[PDB]
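Comments concern the structure below.
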Amino acid sequence: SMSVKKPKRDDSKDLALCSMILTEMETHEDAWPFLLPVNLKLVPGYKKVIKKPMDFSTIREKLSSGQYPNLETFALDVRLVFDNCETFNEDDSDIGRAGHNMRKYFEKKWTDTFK
């Protein structure tokens, strides 16, 4: 509350560390469904169904331009990529499996780096 604070966590490396995680996500062999924004002209139903499209290139641009105020907002966008994927793609499909794989990959890096 006012004048009552927990000890200050060092957040000075967060930006660099989220960048490193994102690089690792970008270079994973199963990243291909997520590298670029879904083409809303060429994929029927995507625009109407997925209210907040997100992809790794868009996260990278937001990260590089100071549009994440903290590491929780960064994680929310990464998770949105996978939540969107599950919304639109059957589990038993290449893209559906890719999304589950990438989510697991992310969540381990996230825990190992920050928890």
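So you can find residues: chains in the structure tokens are A, B, ... in the order shown, residues in each start at 1, and ligands are numbered from 1 in order.
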
Exercise for review: Quick one: everything within 10 Å of region 9-21 of chain A, counting only C-alpha atoms, minus sequence neighbours fewer than 2 positions away in the same chain. Send it as a VMD selection string.
Suggested key: chain A and resid 6 to 7 23 to 26 59 to 60 63 to 64 66 68 to 71 74 to 75 105 to 106 109 to 110 113 to 114

Print the selection's residues with N, CA, C and O atoms to a file, as a PDB file, in the first residue's frame.
```pdb
ATOM      1  N   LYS A   6       6.968  -4.512  -0.898  1.00  0.00           N
ATOM      2  CA  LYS A   6       7.867  -5.678  -0.969  1.00  0.00           C
ATOM      3  C   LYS A   6       9.254  -5.297  -1.455  1.00  0.00           C
ATOM      4  O   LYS A   6       9.466  -4.278  -2.169  1.00  0.00           O
ATOM      5  N   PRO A   7      10.250  -6.091  -1.076  1.00  0.00           N
ATOM      6  CA  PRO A   7      11.604  -5.806  -1.589  1.00  0.00           C
ATOM      7  C   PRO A   7      11.660  -5.734  -3.174  1.00  0.00           C
ATOM      8  O   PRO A   7      10.922  -6.496  -3.824  1.00  0.00           O
ATOM      9  N   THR A  23      13.561 -15.464 -29.317  1.00  0.00           N
ATOM     10  CA  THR A  23      14.482 -16.040 -30.328  1.00  0.00           C
ATOM     11  C   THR A  23      14.441 -17.563 -30.389  1.00  0.00           C
ATOM     12  O   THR A  23      14.372 -18.182 -31.509  1.00  0.00           O
ATOM     13  N   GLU A  24      14.389 -18.214 -29.234  1.00  0.00           N
ATOM     14  CA  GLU A  24      14.342 -19.621 -29.111  1.00  0.00           C
ATOM     15  C   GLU A  24      12.989 -20.162 -29.698  1.00  0.00           C
ATOM     16  O   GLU A  24      12.961 -21.174 -30.341  1.00  0.00           O
ATOM     17  N   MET A  25      11.914 -19.412 -29.477  1.00  0.00           N
ATOM     18  CA  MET A  25      10.580 -19.776 -30.033  1.00  0.00           C
ATOM     19  C   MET A  25      10.634 -19.605 -31.582  1.00  0.00           C
ATOM     20  O   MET A  25      10.236 -20.510 -32.319  1.00  0.00           O
ATOM     21  N   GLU A  26      11.182 -18.503 -32.062  1.00  0.00           N
ATOM     22  CA  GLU A  26      11.319 -18.230 -33.487  1.00  0.00           C
ATOM     23  C   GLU A  26      12.114 -19.282 -34.268  1.00  0.00           C
ATOM     24  O   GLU A  26      11.806 -19.537 -35.416  1.00  0.00           O
ATOM     25  N   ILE A  59       4.788  -9.949 -31.889  1.00  0.00           N
ATOM     26  CA  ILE A  59       5.348  -9.876 -30.526  1.00  0.00           C
ATOM     27  C   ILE A  59       6.747  -9.242 -30.607  1.00  0.00           C
ATOM     28  O   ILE A  59       7.121  -8.433 -29.701  1.00  0.00           O
ATOM     29  N   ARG A  60       7.551  -9.686 -31.578  1.00  0.00           N
ATOM     30  CA  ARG A  60       8.925  -9.153 -31.737  1.00  0.00           C
ATOM     31  C   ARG A  60       8.906  -7.655 -31.941  1.00  0.00           C
ATOM     32  O   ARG A  60       9.687  -6.900 -31.295  1.00  0.00           O
ATOM     33  N   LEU A  63       7.898  -5.974 -28.690  1.00  0.00           N
ATOM     34  CA  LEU A  63       9.014  -6.080 -27.723  1.00  0.00           C
ATOM     35  C   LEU A  63      10.114  -5.049 -28.019  1.00  0.00           C
ATOM     36  O   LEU A  63      10.521  -4.333 -27.146  1.00  0.00           O
ATOM     37  N   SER A  64      10.514  -4.978 -29.277  1.00  0.00           N
ATOM     38  CA  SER A  64      11.551  -4.087 -29.735  1.00  0.00           C
ATOM     39  C   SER A  64      11.186  -2.617 -29.669  1.00  0.00           C
ATOM     40  O   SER A  64      12.099  -1.751 -29.846  1.00  0.00           O
ATOM     41  N   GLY A  66       9.169  -1.175 -27.179  1.00  0.00           N
ATOM     42  CA  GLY A  66       8.697  -0.781 -25.829  1.00  0.00           C
ATOM     43  C   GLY A  66       7.260  -0.792 -25.603  1.00  0.00           C
ATOM     44  O   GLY A  66       6.717  -0.063 -24.764  1.00  0.00           O
ATOM     45  N   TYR A  68       5.577  -3.567 -24.446  1.00  0.00           N
ATOM     46  CA  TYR A  68       5.269  -4.400 -23.288  1.00  0.00           C
ATOM     47  C   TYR A  68       5.689  -3.645 -21.978  1.00  0.00           C
ATOM     48  O   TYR A  68       6.892  -3.514 -21.711  1.00  0.00           O
ATOM     49  N   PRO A  69       4.686  -3.344 -21.151  1.00  0.00           N
ATOM     50  CA  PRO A  69       5.079  -2.667 -19.904  1.00  0.00           C
ATOM     51  C   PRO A  69       5.715  -3.563 -18.906  1.00  0.00           C
ATOM     52  O   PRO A  69       6.335  -3.040 -18.008  1.00  0.00           O
ATOM     53  N   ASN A  70       5.502  -4.890 -18.960  1.00  0.00           N
ATOM     54  CA  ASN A  70       6.095  -5.759 -17.981  1.00  0.00           C
ATOM     55  C   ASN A  70       6.119  -7.196 -18.570  1.00  0.00           C
ATOM     56  O   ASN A  70       5.634  -7.461 -19.686  1.00  0.00           O
ATOM     57  N   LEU A  71       6.762  -8.106 -17.869  1.00  0.00           N
ATOM     58  CA  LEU A  71       6.908  -9.461 -18.460  1.00  0.00           C
ATOM     59  C   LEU A  71       5.533 -10.216 -18.479  1.00  0.00           C
ATOM     60  O   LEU A  71       5.339 -11.081 -19.359  1.00  0.00           O
ATOM     61  N   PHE A  74       3.899  -9.624 -21.810  1.00  0.00           N
ATOM     62  CA  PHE A  74       4.618 -10.364 -22.851  1.00  0.00           C
ATOM     63  C   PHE A  74       4.093 -11.794 -22.882  1.00  0.00           C
ATOM     64  O   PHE A  74       3.707 -12.312 -23.956  1.00  0.00           O
ATOM     65  N   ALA A  75       4.031 -12.414 -21.709  1.00  0.00           N
ATOM     66  CA  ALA A  75       3.526 -13.822 -21.614  1.00  0.00           C
ATOM     67  C   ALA A  75       2.092 -13.928 -22.115  1.00  0.00           C
ATOM     68  O   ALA A  75       1.702 -14.933 -22.712  1.00  0.00           O
ATOM     69  N   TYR A 105       7.059 -25.776 -24.858  1.00  0.00           N
ATOM     70  CA  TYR A 105       8.354 -25.275 -24.974  1.00  0.00           C
ATOM     71  C   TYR A 105       8.466 -23.926 -24.270  1.00  0.00           C
ATOM     72  O   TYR A 105       9.427 -23.637 -23.546  1.00  0.00           O
ATOM     73  N   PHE A 106       7.521 -23.032 -24.583  1.00  0.00           N
ATOM     74  CA  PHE A 106       7.502 -21.714 -23.949  1.00  0.00           C
ATOM     75  C   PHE A 106       7.392 -21.755 -22.390  1.00  0.00           C
ATOM     76  O   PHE A 106       8.177 -21.101 -21.712  1.00  0.00           O
ATOM     77  N   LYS A 109      10.609 -22.645 -20.594  1.00  0.00           N
ATOM     78  CA  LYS A 109      11.541 -21.561 -20.598  1.00  0.00           C
ATOM     79  C   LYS A 109      11.088 -20.452 -19.669  1.00  0.00           C
ATOM     80  O   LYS A 109      11.936 -19.774 -19.034  1.00  0.00           O
ATOM     81  N   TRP A 110       9.790 -20.181 -19.624  1.00  0.00           N
ATOM     82  CA  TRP A 110       9.257 -19.127 -18.811  1.00  0.00           C
ATOM     83  C   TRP A 110       9.519 -19.423 -17.280  1.00  0.00           C
ATOM     84  O   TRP A 110       9.929 -18.567 -16.554  1.00  0.00           O
ATOM     85  N   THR A 113      13.316 -19.418 -16.425  1.00  0.00           N
ATOM     86  CA  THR A 113      13.985 -18.132 -16.482  1.00  0.00           C
ATOM     87  C   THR A 113      13.507 -17.226 -15.348  1.00  0.00           C
ATOM     88  O   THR A 113      14.283 -16.428 -14.847  1.00  0.00           O
ATOM     89  N   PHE A 114      12.233 -17.276 -15.007  1.00  0.00           N
ATOM     90  CA  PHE A 114      11.598 -16.310 -14.137  1.00  0.00           C
ATOM     91  C   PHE A 114      10.998 -16.860 -12.812  1.00  0.00           C
ATOM     92  O   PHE A 114      10.785 -16.067 -11.921  1.00  0.00           O
TER      93      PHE A 114
END
```

**Study point:** Surrounding residues of residue 38 (chain A) excluding itself and chain neighbours under 3 positions, 9 Å, only C-alpha atoms, as an MDAnalysis selection string
**Key:** chainID A and resid 33:34 41:43 46 53:55

**Study point:** Of the listed residues A:4, A:22, A:83, A:111, that which approaches residue 62 (chain A) most closely, counting only C-alpha atoms
**Key:**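 Comparing A:4, A:22, A:83, A:111 against residue 62 (chain A), the winner is A:22.
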
Exercise for review: Could you give me, as a PyMOL selection string, each residue of chain A that DSSP assigns to helix (DSSP H, G or I) when run on this structure's backbone?
Suggested key: chain A and resi 14-26+46-49+56-64+71-88+94-114

Practice item. Quick one: pull the distance between CA of residue 84 (chain A) and CA of residue 52 (chain A), Å, one decimal. Key: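 Atom-to-atom, CA of residue 84 (chain A) to CA of residue 52 (chain A), that is 8.1 Å.
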
Check your understanding: CA of residue 99 (chain A) and CA of residue 86 (chain A) are how many Å apart?
Key -> 7.2 Å

**Study point:** Spatial neighbours of region 90-98 of chain A, 9 Å, only C-alpha atoms, chain gap at least 3 places, as a PyMOL selection string
**Key:** chain A and resi 30-33+85-87+101-103
